[PDB]
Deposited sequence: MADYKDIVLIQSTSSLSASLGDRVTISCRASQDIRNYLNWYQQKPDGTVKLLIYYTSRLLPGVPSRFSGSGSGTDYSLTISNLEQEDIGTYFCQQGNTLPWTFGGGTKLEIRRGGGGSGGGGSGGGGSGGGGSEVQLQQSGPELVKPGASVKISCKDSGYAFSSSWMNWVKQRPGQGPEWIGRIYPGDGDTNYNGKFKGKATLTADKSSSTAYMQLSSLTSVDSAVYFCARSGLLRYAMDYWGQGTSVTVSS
């Protein structure tokens, strides 16, 4: 079994200025390889904390991370408006990378992806991700699935340099990852689509830390019609 990540609280509201603390739990000691992403109401994703407690450039100091072994947490010392969205943890100890179920936080009382697609059941789609950055061929391009309400799912990755890939077993016969160095574009084809495939798919890069995706595409929504 892949390491399961749990975020016991899936919905929490609070007032501005409030101290907010979100818990993440792993089914096995993930040796401090734990990250936290923020997804704003518009669906965009961002890596906030990596390796349990390291803030990424530009994150506000009101964010911190704690924990070890199997128990981790994210804390916002005083909630701000821009802090609204959903928070997902993710383990980077063993492939496939797995994410928690997300915690939607509310207030009480370079990666350029292709457009949305609508398809009939059983049809296939090939979507793209153009990276304007200089590390396209020297980084890993990861892909993530997000069904409305569920936690993201790491589908697999590809190293544009030599075309090597690493898939999540669940999507092996489902996804085919390819890239193009001359155009700095990573492609993902999803075959024989079912209603279970309707979702938003993200491309996200990693390089310095293969388990933490620090740059994300805006996401492409694929809908498998009735």
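- Absence of C-alpha coordinates is noted for several segments of the deposited sequence, namely 1-4, 114-135.
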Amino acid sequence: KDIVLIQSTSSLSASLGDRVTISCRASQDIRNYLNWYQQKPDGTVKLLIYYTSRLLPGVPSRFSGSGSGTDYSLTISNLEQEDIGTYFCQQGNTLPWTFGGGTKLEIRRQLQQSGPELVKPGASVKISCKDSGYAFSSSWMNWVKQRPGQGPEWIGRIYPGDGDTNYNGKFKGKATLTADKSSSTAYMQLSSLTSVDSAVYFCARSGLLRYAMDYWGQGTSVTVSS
From here on, numbers count along this sequence of modelled residues.
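- Comparing 26-34 with 176-184, the stretch with the higher mean C-alpha B-factor in the PDB entry is 176-184.
- 1-9 and 217-225 differ in mean CA B-factor, and the higher of the two is recorded for 1-9.
- For the set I155, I76, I107, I127, the PDB entry assigns the largest Cα B-factor to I107.
- Reading the B-factor column for the CA atoms of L118, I84, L95, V144 in the entry, the top value corresponds to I84.
- In the deposited entry, the Cα temperature factor of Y134 places it in the highest third of its chain's modelled residues.
- Among all modelled residues in this chain, the alpha-carbon of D162 has a temperature factor (C-alpha) in the middle third.
- Among all modelled residues in its chain, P57 ranks in the highest third by Cα B-factor.
- For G102, the recorded CA temperature factor ranks within the middle third of the chain's modelled residues.
- The deposited CA B-factor of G69 belongs to the lowest third of values across its chain.
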